[PDB]
């Protein structure tokens, strides 16, 4: 994931960050204190950006042309995932974090498929 190549990649990195995004959204629903809301906004923004970086890294650094041929929809899937993450970043609705988790889950399925074969 580090560009050597070192060869170690796992969508879990994108996932755990996007799970933090959703968790923050959930918490924001429970406590309207402006200072808390602000800190939640700060943290959500950071985690969502890290999730994007991880998803982008799988796409540029791990996935190769044979993968793009086998999965013609992967380019657009990655793009939509990144857009979903930016949508979650801009929203307090955990359903937006969940949508981005849903997309990452589709990438993860494909990822582990390429690991078998």
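Residue numbers count along the first chain shown, from 1.
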- Would you tell me which stretch averages the higher CA B-factor in the PDB entry, 5-13 or 97-105? 5-13
- Stretch with the greater mean C-alpha B-factor as recorded in the entry, comparing 49-57 against 29-37: 29-37
- In terms of the chain's CA B-factor thirds, is residue 67 lowest, middle or highest? highest
- Message: When the deposited Cα B-factors of this chain's modelled residues are ordered and cut into thirds, is residue 92 in the lowest, the middle or the highest one?
- Response: highest
